[PDB]
Participant: 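Structure incoming, see below.
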Amino acid sequence: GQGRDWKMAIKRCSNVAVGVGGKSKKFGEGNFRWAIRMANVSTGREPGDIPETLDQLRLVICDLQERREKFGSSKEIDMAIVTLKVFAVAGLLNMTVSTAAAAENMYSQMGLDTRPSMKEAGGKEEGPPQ
């Protein structure tokens, strides 16, 4: 979460509004680091584990929504989930969305809330460490 791809994705997200205003503040880099870190700890991943691909990010979001379903919603888990969806849609897919609500809606319409099977995925991501 320090490379050129990370920063460009963050730059894309910086124009997205947190609230469905209007007047609303926009997302900042720290918001994404917080959301990833929160989701990582919550799902038993190493805290600094940055998703590199859309597939990896989708699985984190899936794990976190399943946690939300099992143990219940909260202002914090809800914010983490929507923040990750903004990262997927505006960051990784480079899609113009005005608000976090719009990203959430787009993420859902594209079918991304579905957790793909391992066979569906074709194969996990197995590559060199550096």
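Values reported hereafter were calculated over all heavy atoms of this structure, with side chains retained and with hydrogens, waters and symmetry mates removed. Count residues from 1 along the sequence.
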Participant: So that I can tick it off, tell me whether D78 and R68 are bridged by a salt bridge, with the cut-off set at under 4.0 angstrom between side-chain N and carboxylate O.
Facilitator: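 Result for this pair is yes, salt bridge flagged.
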
Participant: Does some side-chain heavy atom of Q2 sit less than 4.5 Å from a side-chain heavy atom of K7?
Facilitator: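 Side-chain contact under 4.5 Å: no.
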
Participant: Should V41 and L64 be counted in the same cluster of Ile, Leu, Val, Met, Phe, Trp and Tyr side chains packed under 4.5 Å apart?
Facilitator: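 No.
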
Participant: Okay, side chain of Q56, backbone of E52: is any donor-acceptor separation there less than 3.5 Å?
Facilitator: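 At least one qualifying donor-acceptor pair exists.
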
Participant: So which atom in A90 and which in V16 form the shortest heavy-atom distance, rounded to 0.1 Å?
Facilitator: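 Looking at all heavy atoms of both residues, the shortest contact is CB-CG2, 3.8 Å.
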
Participant: Using modelled atom types and a 3.5 Å cut-off, is there a donor and acceptor pairing between side-chain atoms of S14 and backbone atoms of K11?
Facilitator: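 Confirmed, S14 side chain pairs with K11 backbone.
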
Participant: Would you say that more than 12 heavy atoms from the other residues, nucleotides or ligands in this model lie under 6.0 Å from the CG of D5, or not?
Facilitator: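 No, the 6.0 Å shell around CG holds no more than 12 heavy atoms from other groups.
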
Participant: Could you state the interatomic distance from NZ (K119) to OG (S117), rounded to the nearest 0.5 Å?
Facilitator: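 Going from the NZ atom of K119 to the OG atom of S117 covers 7.5 Å.
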
Participant: Residues in side-chain contact (heavy atoms from CB on, under 4.5 Å) with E126, at least two apart?
Facilitator: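 side-chain contact (heavy atoms from CB on, under 4.5 Å) check on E126 returns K124.
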
Participant: Would you say the ring centers of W6 and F87 fall short of 6.0 Å from each other?
Facilitator: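 Aromatic pair counts; centres sit under 6.0 Å.
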
Participant: Any link between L112 and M106 through a network of hydrophobic side chains (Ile, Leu, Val, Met, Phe, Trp, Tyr) touching at under 4.5 Å?
Facilitator: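 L112 and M106: one cluster.
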
Participant: As an exercise, state the distance from SG of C13 to CG of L92, rounded to the nearest 0.5 Å.
Facilitator: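 These two atoms lie 7.5 Å from each other.
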
Participant: Is a salt bridge present between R37 and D49, judged by a nitrogen-to-oxygen distance below 4.0 Å?
Facilitator: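 Looking at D49 together with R37, the answer is no, because their closest N to O distance does not fall below 4.0 Å.
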
Participant: Is it the case that one hydrophobic cluster holds both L84 and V97, taking links as side-chain heavy atoms less than 4.5 Å apart, direct or via other members?
Facilitator: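 They do share one cluster, since a chain of ILVMFWY contacts under 4.5 Å joins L84 to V97.
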
Participant: Kindly say whether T114 contributes a backbone atom to a donor-acceptor pair with the side chain of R58 at under 3.5 angstrom?
Facilitator: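 Checking the backbone N and O of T114 against the side chain of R58, a donor-acceptor pair under 3.5 Å is found.
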
Participant: Could you walk me through whether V18 and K26 pass side-chain contact (heavy atoms from CB on, under 4.5 Å), step by step?
Facilitator: CA-CA 5 Å; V18 171; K26 308 266 186 309; 5.9 Å; no

Participant: Does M38 offer a backbone N or O that forms a donor-acceptor pair with the side chain of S42 under 3.5 Å?
Facilitator: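 Yes, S42 side chain to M38 backbone: donor-acceptor pair under 3.5 Å.
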
Participant: Is the backbone N or O of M95 less than 3.5 Å from a side-chain atom of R12, with the two atoms forming a donor-acceptor pair by type?
Facilitator: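 No, the answer is negative, given that no donor and acceptor are paired below the 3.5 Å cut-off.
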
Participant: Using side-chain heavy atoms (C-beta onward) and a distance below 4.5 Å, is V86 in contact with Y107?
Facilitator: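 A side-chain contact under 4.5 Å is absent here.
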
Participant: Just wondering, more than 12 heavy atoms not from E46 lying within 6.0 Å of its CD?
Facilitator: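 Yes.
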
Participant: Judged by atom type as modelled, is there a donor-acceptor pair below 3.5 Å linking the side chain of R45 to the main-chain atoms of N40?
Facilitator: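 Checking the backbone N and O of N40 against the side chain of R45, no donor-acceptor pair under 3.5 Å is found.
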
Participant: On a heavy-atom basis, which atom in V89 and which in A103 lie closest, and how many Å separate them?
Facilitator: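 Between these two residues, the closest heavy atoms are CG2-O, 3.7 Å.
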
Participant: Are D113 and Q65 close enough, and set up right, to give a side-chain hydrogen bond (donor to acceptor under 3.5 Å, both in side chains), and what steps lead you there?
Facilitator: CA-CA 9 Å; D113 288 305; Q65 301 194 109; 2.9 Å; yes

Participant: Linking I/L/V/M/F/W/Y whenever any side-chain heavy atoms sit under 4.5 Å apart, do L59 and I77 land together?
Facilitator: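 In one cluster with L59: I77, no.
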
Participant: Is there a path of hydrophobic side-chain contacts, each under 4.5 Å between heavy atoms of I/L/V/M/F/W/Y residues, joining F27 to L93?
Facilitator: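 In one cluster: yes.
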
Participant: A side-chain contact here means heavy atoms from C-beta on lying under 4.5 Å apart; do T53 and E125 qualify?
Facilitator: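 They are in contact (side-chain heavy atoms under 4.5 Å apart), so the answer is yes.
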
Participant: Taking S24 for its side chain and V20 for its backbone only, find out whether a donor-acceptor pair lies under 3.5 Å.
Facilitator: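 Checking the backbone N and O of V20 against the side chain of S24, no donor-acceptor pair under 3.5 Å is found.
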
Participant: Could you tell me whether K70 and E66 have a side-chain N and a carboxylate O separated by less than 4.0 Å?
Facilitator: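 No, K70 and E66 are not salt-bridged.
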
Participant: Count the heavy atoms belonging to other residues, nucleotides or ligands that lie under 6.0 Å from CE of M8, then report whether that count exceeds 12.
Facilitator: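 Not buried by this count: 12 neighbours or fewer within 6.0 Å.
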
